[PDB]
Amino acid sequence: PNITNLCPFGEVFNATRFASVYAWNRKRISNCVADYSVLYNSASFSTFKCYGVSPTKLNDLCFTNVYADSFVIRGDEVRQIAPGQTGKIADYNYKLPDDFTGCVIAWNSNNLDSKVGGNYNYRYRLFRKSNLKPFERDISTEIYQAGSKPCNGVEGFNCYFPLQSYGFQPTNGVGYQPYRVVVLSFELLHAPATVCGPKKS
Amino acid sequence: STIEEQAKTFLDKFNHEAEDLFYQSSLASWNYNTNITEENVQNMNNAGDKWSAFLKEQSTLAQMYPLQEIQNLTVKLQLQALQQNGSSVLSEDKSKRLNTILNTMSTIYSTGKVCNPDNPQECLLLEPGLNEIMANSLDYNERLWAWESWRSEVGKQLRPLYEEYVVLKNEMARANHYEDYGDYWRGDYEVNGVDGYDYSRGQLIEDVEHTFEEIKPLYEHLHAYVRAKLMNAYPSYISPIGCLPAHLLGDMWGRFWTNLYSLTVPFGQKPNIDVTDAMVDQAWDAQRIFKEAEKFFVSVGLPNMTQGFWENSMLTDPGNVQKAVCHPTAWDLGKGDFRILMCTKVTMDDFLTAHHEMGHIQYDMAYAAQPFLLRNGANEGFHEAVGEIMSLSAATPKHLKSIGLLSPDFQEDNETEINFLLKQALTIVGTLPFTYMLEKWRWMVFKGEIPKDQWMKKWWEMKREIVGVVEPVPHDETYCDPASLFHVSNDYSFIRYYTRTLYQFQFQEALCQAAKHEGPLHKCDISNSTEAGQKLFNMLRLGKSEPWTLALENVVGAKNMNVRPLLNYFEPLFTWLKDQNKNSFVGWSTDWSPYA
Ligand SMILES: *[C@@H]1O[C@H](CO)[C@@H](O[C@@H]2O[C@H](CO)[C@@H](O[C@@H]3O[C@H](CO)[C@@H](O)[C@H](O)[C@@H]3O)[C@H](O)[C@H]2NC(C)=O)[C@H](O)[C@H]1NC(C)=O
Ligand SMILES: *[C@@H]1O[C@H](CO)[C@@H](O[C@@H]2O[C@H](CO)[C@@H](O)[C@H](O)[C@H]2NC(C)=O)[C@H](O)[C@H]1NC(C)=O
Ligand SMILES: *[C@@H]1O[C@H](CO)[C@@H](O[C@@H]2O[C@H](CO)[C@@H](O)[C@H](O)[C@H]2NC(C)=O)[C@H](O)[C@H]1NC(C)=O
Ligand SMILES: *[C@@H]1O[C@H](CO)[C@@H](O[C@@H]2O[C@H](CO)[C@@H](O)[C@H](O)[C@H]2NC(C)=O)[C@H](O)[C@H]1NC(C)=O
Ligand SMILES: *[C@@H]1O[C@H](CO)[C@@H](O)[C@H](O)[C@H]1NC(C)=O
Ligand SMILES: *[C@@H]1O[C@H](CO)[C@@H](O)[C@H](O)[C@H]1NC(C)=O
Ligand SMILES: *[C@@H]1O[C@H](CO)[C@@H](O)[C@H](O)[C@H]1NC(C)=O
């Protein structure tokens, strides 16, 4: 063994542009050797929480595929991304199952996303009829209804647009600074395992 | 789904989009204030009205929800703020006239000028000058001249403007389901929610003079002592029976008696406490002052302040053409942004002002988690009291010696303590009767108890028993004396300053009790006590979410506003004054006048 076909983590953590939270990007990783030590041994990550397995032991066992979900949220909303949590993000945008196994990484990106006049590209859902199922993505832009009369399109009294934008500014304090979040999930279907670390020698 | 869910959805939609617009308006205001230029003027306006242009529609939309069926107290309280018709209830042709009359009144007050008749080509303004003449001078004739001139060239044209202003504002008051404008002002001290904590608007009237009567024995002795000292200063001008005139106090309106400290110093052989030269010797800059003002709050237990406050705040000395108006302020721009603005210098006064603004910033940071419409103090009197507590507690000799400014071998004695106590009393307790009398007169004039003719005589007769001030020269009906005041011509409520003192003293007494201190209250300190910090934080974090009666239950043990801590603070001074004026008699005669 010579350790080849490295998994492309650079294309995920160092992507030029990220997607909105209501349209989070999902990437499938398989059939490659992955090195999580280079990720864990980095001081650039503000939050690194592993639930299913301990980070050090992760280099031994291996699965049949991995899924990376990437998006951008606010600073105060990182705590909502965890099993058994509630909130706007955890209900209408991104929900994790209670039996989740994997890891969550979140780092500040104030110097990139924020703009002097205000960055309004990122959006999120504010209203929804019912809570989301785990790993379910909803991108519909139907006009919301809260009252009793049905509204034909245009916003009325109780008819609001379900999507609202973010107002990132250079000077907002750590509470409101943008944060980039990547969630790694390991899935272990009946197919033979293919994604695990180098045979050290 | 009832209307209660619709209200929640509407509020959730509203506050999210209100936050950004408010932040933009605050940013524009800060940009103008830090950098005074024409280019940065219109921008403020271009934001300002727009913010208002957004606040009106949401106020218009908060009427289809019938706020009598909503059961959640928080939601109802949050919605009550939006349902304020304000001046929109008046007709447009009257609203424009009201705006015009306020603008012209403000301009007239701000453009006062007096020329000495010998030199009619050089008038002075209320800026340093005439005010300096009235404050720092020793001459009866020129003081009387300045007083009469200012009340005769500003107090004459304001009578019809104020006459129309009163009736127009009163019609607005009936338009807003109030029988008087006094009720509109007193509405902030009103709660009708939790049982046992209810407080009505009318109760404040009976509650003010109930707690004012206990202060009269303390005020009478001060009046007698000041009158005796003025007699020993001014010969054959102040009778020992009557009360002192208006223009000898040391201020244009007599709001404060600080300027009189030079004449009425008890025994000035020993020097006063000053460490400014010590600060200069140790080479203290603005950073050192603002870091020593932060270590105190850290030691108490309050959280450390965020990064970026040191980067964005204009701490000191704009310097060149980059000018700035730097009345000391603490700015809460929203979205987790806090700043300060000051032209700091190396002086103990700037040290105390820095502590005051630091307390303001801490209180602002305390309730950042509340919704947008609940980010304020419980009432208008809590914020300044919280600010002034730190100033009171950061000037004791023990705290000064702890940070090593005073000499470690300093011994205090009778006279310096008594002198400092009297110096503080000349400012704190010497202004309560003036505020009480002014607010009482304004309440009655809005209620219409005194008719139009009974204006200038009722004011001056009441001032005699309430305050103890006589007429220098009579005014019959053609003057408007109260109009020559900032808080009377600019439409500002004046009852805040009366409650601020009692609130601050109650808070200080409660903290010192729960800080394990022994001795007189005025020497107490709240440093290195984490339980006191926790006790204060438990109330600071509430914001406007709870009634102020409940807020006055975690710091102190009684919801009512009493005066016992005030009397307990000035106990040594009172017991010295008891034996001080053993030959004179306390109290004044209301009939003696300088002219007749
Ligand atoms: C995303 O891009 C950043 C920036 O390049 C990557 O961080 C950087 O990664 C390189 C190598 O991957 C590190 O270089 C190191 O240099 C020292 C000598 O100075 C050498 O001894 C090490 O073995 C290593 O080669 C570099 O320190 C590191 N950080 C910075 C600030 O450049 C990052 O790895 C990329 N993301 C992913 C998932 O790879
Ligand atoms: C009014 O509504 C608010 C928000 O729905 C309620 O606040 C909740 O209070 C409970 C009390 O323990 C907390 O556990 C929740 O976290 C709070 N927020 C939410 C979203 O539920 C408040 O209690 C309500 N007031 C009432 C019912 O009197
Ligand atoms: C604020 O002004 C509105 C507009 O007039 C008032 O709403 C009216 O109130 C009267 C009686 O109070 C009703 O007969 C009307 O049907 C109401 N009209 C609308 C469009 O609601 C409101 O009462 C005023 N006071 C508030 C909101 O406190
Ligand atoms: C706020 O104050 C706290 C308490 O002093 C700071 O925490 C420590 O501060 C010292 C010196 O300021 C540092 O040497 C330590 O490394 C800090 N420890 C930790 C865990 O932070 C804190 O850094 C201060 N924060 C700011 C922004 O000034
Ligand atoms: C193994 O990989 C290294 C990587 O630098 C390469 O130099 C070497 O030639 C490779 N050898 C074999 C047998 O694949
Ligand atoms: C102040 O405003 C003027 C007007 O545009 C501008 O030229 C100058 O750069 C500003 N100064 C600062 C420090 O922002
Ligand atoms: C302080 O007061 C006490 C009691 O009157 C007196 O005995 C003492 O001499 C006084 N000390 C000074 C320095 O005045």
# chains A, B, ... in the order shown; residues from 1 in each chain; ligands from 1
call {"tool": "residues_near_ligand", "arguments": {"ligand": "ligand 6", "cutoff": "6 Å", "atoms": "only C-alpha atoms and all ligand atoms", "output": "MDAnalysis selection string"}}
result
chainID B and resid 35 37 39
call {"tool": "select_by_dssp", "arguments": {"residues": "segment 137-381 of chain B", "states": "strand (DSSP E)", "output": "list in words"}}
result
residues 329, 330, 331, 332, 338, 339, 340 and 341 of chain B
call {"tool": "residues_near_ligand", "arguments": {"ligand": "ligand 1", "cutoff": "6 Å", "atoms": "only C-alpha atoms and all ligand atoms", "output": "ChimeraX atom specification"}}
result
/A:9-10,13-14
call {"tool": "closest_residue", "arguments": {"among": "B:587, B:415, B:512, B:494", "to": "ligand 7", "atoms": "only C-alpha atoms and all ligand atoms"}}
result
B:415
call {"tool": "interface_residues", "arguments": {"of": "chain B", "to": "chain A", "cutoff": "8 Å", "atoms": "only C-alpha atoms", "output": "PDB file with N, CA and C atoms, in the first residue's frame"}}
result
ATOM      1  N   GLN B   6     -51.876  34.802  15.314  1.00  0.00           N
ATOM      2  CA  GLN B   6     -51.643  35.815  14.291  1.00  0.00           C
ATOM      3  C   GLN B   6     -50.798  36.955  14.837  1.00  0.00           C
ATOM      4  N   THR B   9     -47.186  35.767  14.893  1.00  0.00           N
ATOM      5  CA  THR B   9     -46.602  35.772  13.555  1.00  0.00           C
ATOM      6  C   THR B   9     -46.294  37.191  13.093  1.00  0.00           C
ATOM      7  N   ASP B  20     -32.736  45.721  11.342  1.00  0.00           N
ATOM      8  CA  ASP B  20     -31.751  46.201  10.378  1.00  0.00           C
ATOM      9  C   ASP B  20     -31.922  47.688  10.097  1.00  0.00           C
ATOM     10  N   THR B 306     -17.147  43.480  25.144  1.00  0.00           N
ATOM     11  CA  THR B 306     -16.800  42.807  23.901  1.00  0.00           C
ATOM     12  C   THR B 306     -15.659  43.512  23.179  1.00  0.00           C
ATOM     13  N   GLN B 307     -14.927  42.736  22.385  1.00  0.00           N
ATOM     14  CA  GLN B 307     -13.936  43.299  21.485  1.00  0.00           C
ATOM     15  C   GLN B 307     -14.628  44.077  20.373  1.00  0.00           C
ATOM     16  N   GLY B 308     -13.958  45.125  19.896  1.00  0.00           N
ATOM     17  CA  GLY B 308     -14.515  46.046  18.942  1.00  0.00           C
ATOM     18  C   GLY B 308     -14.992  47.340  19.565  1.00  0.00           C
ATOM     19  N   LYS B 335     -27.844  45.194  17.076  1.00  0.00           N
ATOM     20  CA  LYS B 335     -27.143  44.080  16.440  1.00  0.00           C
ATOM     21  C   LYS B 335     -25.832  43.774  17.158  1.00  0.00           C
ATOM     22  N   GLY B 336     -25.868  43.825  18.486  1.00  0.00           N
ATOM     23  CA  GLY B 336     -24.685  43.540  19.277  1.00  0.00           C
ATOM     24  C   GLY B 336     -23.552  44.524  19.101  1.00  0.00           C
ATOM     25  N   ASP B 337     -23.862  45.806  18.922  1.00  0.00           N
ATOM     26  CA  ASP B 337     -22.858  46.847  18.741  1.00  0.00           C
ATOM     27  C   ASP B 337     -23.021  47.887  19.839  1.00  0.00           C
TER      28      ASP B 337
END
call {"tool": "atom_distance", "arguments": {"atom1": "atom CA of residue 55 of chain A", "atom2": "atom CA of residue 75 of chain A"}}
result
23.7 Å
call {"tool": "residues_near_ligand", "arguments": {"ligand": "ligand 4", "cutoff": "10 Å", "atoms": "only C-alpha atoms and all ligand atoms", "output": "list in words"}}
result
residues 291, 294, 295, 297, 298, 299, 302, 303, 304, 305, 306, 307, 308, 309 and 310 of chain B
call {"tool": "write_last_selection", "arguments": {"atoms": "N, CA, C and O atoms", "output": "PDB file, in the first residue's frame"}}
result
ATOM      1  N   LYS B 291      -9.498  51.332  31.234  1.00  0.00           N
ATOM      2  CA  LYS B 291      -9.237  49.966  31.671  1.00  0.00           C
ATOM      3  C   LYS B 291      -9.405  49.807  33.176  1.00  0.00           C
ATOM      4  O   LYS B 291      -9.879  48.763  33.640  1.00  0.00           O
ATOM      5  N   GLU B 294     -12.929  49.377  33.818  1.00  0.00           N
ATOM      6  CA  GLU B 294     -13.437  48.067  33.430  1.00  0.00           C
ATOM      7  C   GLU B 294     -13.058  46.976  34.419  1.00  0.00           C
ATOM      8  O   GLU B 294     -13.849  46.053  34.655  1.00  0.00           O
ATOM      9  N   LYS B 295     -11.856  47.059  34.995  1.00  0.00           N
ATOM     10  CA  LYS B 295     -11.459  46.083  36.005  1.00  0.00           C
ATOM     11  C   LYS B 295     -12.394  46.108  37.206  1.00  0.00           C
ATOM     12  O   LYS B 295     -12.616  45.072  37.836  1.00  0.00           O
ATOM     13  N   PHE B 297     -15.748  46.666  37.170  1.00  0.00           N
ATOM     14  CA  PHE B 297     -16.923  45.878  36.819  1.00  0.00           C
ATOM     15  C   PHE B 297     -16.589  44.400  36.683  1.00  0.00           C
ATOM     16  O   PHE B 297     -17.427  43.548  36.998  1.00  0.00           O
ATOM     17  N   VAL B 298     -15.384  44.076  36.211  1.00  0.00           N
ATOM     18  CA  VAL B 298     -14.975  42.675  36.157  1.00  0.00           C
ATOM     19  C   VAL B 298     -14.886  42.094  37.564  1.00  0.00           C
ATOM     20  O   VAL B 298     -15.340  40.971  37.819  1.00  0.00           O
ATOM     21  N   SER B 299     -14.312  42.851  38.501  1.00  0.00           N
ATOM     22  CA  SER B 299     -14.179  42.373  39.873  1.00  0.00           C
ATOM     23  C   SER B 299     -15.540  42.200  40.533  1.00  0.00           C
ATOM     24  O   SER B 299     -15.739  41.267  41.320  1.00  0.00           O
ATOM     25  N   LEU B 302     -19.738  41.398  36.811  1.00  0.00           N
ATOM     26  CA  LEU B 302     -20.380  41.616  35.528  1.00  0.00           C
ATOM     27  C   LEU B 302     -19.461  41.167  34.391  1.00  0.00           C
ATOM     28  O   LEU B 302     -18.235  41.196  34.525  1.00  0.00           O
ATOM     29  N   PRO B 303     -20.029  40.739  33.265  1.00  0.00           N
ATOM     30  CA  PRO B 303     -19.200  40.201  32.182  1.00  0.00           C
ATOM     31  C   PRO B 303     -18.286  41.254  31.580  1.00  0.00           C
ATOM     32  O   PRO B 303     -18.595  42.448  31.561  1.00  0.00           O
ATOM     33  N   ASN B 304     -17.142  40.789  31.086  1.00  0.00           N
ATOM     34  CA  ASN B 304     -16.206  41.667  30.401  1.00  0.00           C
ATOM     35  C   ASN B 304     -16.807  42.161  29.091  1.00  0.00           C
ATOM     36  O   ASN B 304     -17.634  41.490  28.469  1.00  0.00           O
ATOM     37  N   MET B 305     -16.382  43.349  28.672  1.00  0.00           N
ATOM     38  CA  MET B 305     -16.969  43.971  27.498  1.00  0.00           C
ATOM     39  C   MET B 305     -16.365  43.410  26.217  1.00  0.00           C
ATOM     40  O   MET B 305     -15.227  42.934  26.192  1.00  0.00           O
ATOM     41  N   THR B 306     -17.147  43.480  25.144  1.00  0.00           N
ATOM     42  CA  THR B 306     -16.800  42.807  23.901  1.00  0.00           C
ATOM     43  C   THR B 306     -15.659  43.512  23.179  1.00  0.00           C
ATOM     44  O   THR B 306     -15.440  44.716  23.331  1.00  0.00           O
ATOM     45  N   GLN B 307     -14.927  42.736  22.385  1.00  0.00           N
ATOM     46  CA  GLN B 307     -13.936  43.299  21.485  1.00  0.00           C
ATOM     47  C   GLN B 307     -14.628  44.077  20.373  1.00  0.00           C
ATOM     48  O   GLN B 307     -15.741  43.750  19.954  1.00  0.00           O
ATOM     49  N   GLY B 308     -13.958  45.125  19.896  1.00  0.00           N
ATOM     50  CA  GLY B 308     -14.515  46.046  18.942  1.00  0.00           C
ATOM     51  C   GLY B 308     -14.992  47.340  19.565  1.00  0.00           C
ATOM     52  O   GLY B 308     -15.030  48.371  18.884  1.00  0.00           O
ATOM     53  N   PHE B 309     -15.355  47.309  20.849  1.00  0.00           N
ATOM     54  CA  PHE B 309     -15.605  48.547  21.574  1.00  0.00           C
ATOM     55  C   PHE B 309     -14.346  49.394  21.651  1.00  0.00           C
ATOM     56  O   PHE B 309     -14.422  50.628  21.616  1.00  0.00           O
ATOM     57  N   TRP B 310     -13.182  48.753  21.757  1.00  0.00           N
ATOM     58  CA  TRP B 310     -11.918  49.472  21.788  1.00  0.00           C
ATOM     59  C   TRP B 310     -11.501  49.980  20.416  1.00  0.00           C
ATOM     60  O   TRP B 310     -10.624  50.845  20.330  1.00  0.00           O
TER      61      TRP B 310
END
call {"tool": "residues_near_ligand", "arguments": {"ligand": "ligand 5", "cutoff": "12 Å", "atoms": "only C-alpha atoms and all ligand atoms", "output": "PyMOL selection string"}}
result
chain A and resi 1-5
call {"tool": "closest_atom_pairs", "arguments": {"of": "segment 8-111 of chain A", "to": "segment 129-145 of chain A", "cutoff": "12 Å", "atoms": "only C-alpha atoms", "output": "Markdown table"}}
result
| residue | atom | partner | partner_atom | distance |
| --- | --- | --- | --- | --- |
| A:20 | CA | A:139 | CA | 10.6 |
| A:21 | CA | A:137 | CA | 9.8 |
| A:22 | CA | A:139 | CA | 6.8 |
| A:23 | CA | A:139 | CA | 6.6 |
| A:24 | CA | A:137 | CA | 7.9 |
| A:25 | CA | A:137 | CA | 10.0 |
| A:26 | CA | A:135 | CA | 10.1 |
| A:67 | CA | A:135 | CA | 11.0 |
| A:68 | CA | A:135 | CA | 11.8 |
| A:69 | CA | A:135 | CA | 9.7 |
| A:81 | CA | A:134 | CA | 11.9 |
| A:82 | CA | A:134 | CA | 11.7 |
| A:83 | CA | A:134 | CA | 10.1 |
| A:84 | CA | A:134 | CA | 11.2 |
| A:86 | CA | A:131 | CA | 10.1 |
| A:87 | CA | A:131 | CA | 10.3 |
| A:88 | CA | A:131 | CA | 9.7 |
| A:89 | CA | A:132 | CA | 10.1 |
| A:90 | CA | A:132 | CA | 8.3 |
| A:91 | CA | A:131 | CA | 5.1 |
| A:92 | CA | A:132 | CA | 5.9 |
| A:93 | CA | A:137 | CA | 7.4 |
| A:94 | CA | A:135 | CA | 6.9 |
| A:95 | CA | A:134 | CA | 4.9 |
| A:96 | CA | A:134 | CA | 5.3 |
| A:97 | CA | A:134 | CA | 5.5 |
| A:98 | CA | A:134 | CA | 9.2 |
| A:99 | CA | A:134 | CA | 10.6 |
| A:100 | CA | A:134 | CA | 9.8 |
call {"tool": "residues_near_ligand", "arguments": {"ligand": "ligand 3", "cutoff": "7 Å", "atoms": "only C-alpha atoms and all ligand atoms", "output": "ChimeraX atom specification"}}
result
/B:63-64,83-85,89,176
call {"tool": "closest_atom_pairs", "arguments": {"of": "chain B", "to": "ligand 7", "cutoff": "10 Å", "atoms": "only C-alpha atoms and all ligand atoms", "output": "CSV"}}
result
residue,atom,partner,partner_atom_place_in_ligand_line,distance
B:270,CA,ligand 7,13 (C),9.8
B:412,CA,ligand 7,13 (C),8.7
B:413,CA,ligand 7,13 (C),5.6
B:414,CA,ligand 7,1 (C),4.9
B:415,CA,ligand 7,14 (O),6.3
B:416,CA,ligand 7,13 (C),9.4
call {"tool": "select_by_dssp", "arguments": {"residues": "segment 10-181 of chain B", "states": "helix (DSSP H, G or I)", "output": "number ranges by chain"}}
result
B: 10-34, 38-40, 42-61, 73-82, 86-89, 92-110, 130-135, 140-153, 158-175, 181
